[PDB]
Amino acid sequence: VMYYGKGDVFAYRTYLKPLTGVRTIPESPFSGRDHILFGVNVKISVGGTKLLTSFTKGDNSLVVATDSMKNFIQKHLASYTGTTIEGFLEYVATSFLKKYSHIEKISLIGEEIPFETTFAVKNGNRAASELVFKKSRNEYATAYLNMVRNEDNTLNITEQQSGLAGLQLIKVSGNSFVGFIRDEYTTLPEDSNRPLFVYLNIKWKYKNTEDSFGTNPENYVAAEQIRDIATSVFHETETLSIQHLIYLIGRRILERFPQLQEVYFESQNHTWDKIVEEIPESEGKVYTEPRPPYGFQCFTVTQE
């Protein structure tokens, strides 16, 4: 292996072109993005056979400084005329390979830095502010792109993936975990009604990479829509396990977005431990945080 690059390249852009013209689904009100404020955290990795002597001999002649990669990304966010993180990565990648002909491969990650709207009173009414936003440390969209230079100096995308990370969902009832193996290693009781708490990271891959860019926005799959599918399916389903839930989420995603080829889940179980099972004159209960060990699941659903 031989790569180098820059991580935590934060870049915040005001007044990116808005995303509109999207295709709606039943599970989501999502209709676009205003883009008054657009934040992204970028990681860039580059490789190429001609970088070998930068390691073996300390020869920096063909080294693009990682600080210069940071400048490149931040300057390109200023000149980007598109509407998605996916399209921003394509713009950076193509531009970088065109600039540096000795680079054979570039890999990019972009993570949304999300902001939410806030309320303000003016002119006699309360409305969402066009100026003041709230930083969110909850779920966020992601994008991944890898591009190569071939022998003829043409460029090709070699992998693209979009995602939603950091979704944390708890369903207070309507979940069971029963019927698992009971042997000399089993101390977990069967539970016909648990408050399942799952962390979800969901990633999708398009059949046609062009649909990821937003240039024809009706073919874009928005992380907001994926989020809303996940919450709807969790609500709708008497869950039998996390494994069962994520399969059903993935099936719904692929049904709503026929332009997707596959969806990949990384899930974790953070369900609370029960303290009080019955409260006089109430349907409530009390729970608390478990010990650190967490279950996890990794699963792909494909159109096939």
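If you superpose the two forms and keep the largest set of C-alpha atoms that fall within 1.5 Å, you have the rigid core. The numbering used is simple: start at 1 and walk along the sequence shown.
Rigid core superposition in 7 other deposited structures of this protein puts the Cα atoms of one stretch, out of 174-182 and 149-157, farther from the shown form on average, and that stretch is 149-157. Farther from the shown form on average, by C-alpha root mean square after a core fit in 7 other deposited structures of this protein, is 125-133, of the stretches 162-170 and 125-133.
Across the other entries compared, none leave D59 without coordinates where the residues on each side are present, so it is far from a third. In every other compared PDB entry of this protein that covers both flanking sides, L260 is modelled, so it falls short of the one-third threshold for missing coordinates.
Higher average CA B factor: 269-277, of the stretches 233-241 and 269-277. In this crystal structure, the stretch out of 124-132 and 169-177 whose C-alpha atoms carry the higher mean B factor is 124-132.
Across the residues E116, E86, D191, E111, the deposited record lists the maximum Cα B factor for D191.
Looking only at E139, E224, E151, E90, the residue with the top Cα B factor in the deposited structure is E151.
Among the modelled residues of its chain, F213 has a C-alpha B-factor that falls in the highest third according to the deposited record. Annotation for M147: CA B-factor lies in the middle third of the chain's modelled residues. When the modelled residues of the chain are ordered by their C-alpha B factor, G284 lands in the highest third. The PDB entry assigns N41 a C-alpha temperature factor belonging to the lowest third of its chain's modelled residues. When the modelled residues of the chain are ordered by their C-alpha B factor, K75 lands in the middle third.
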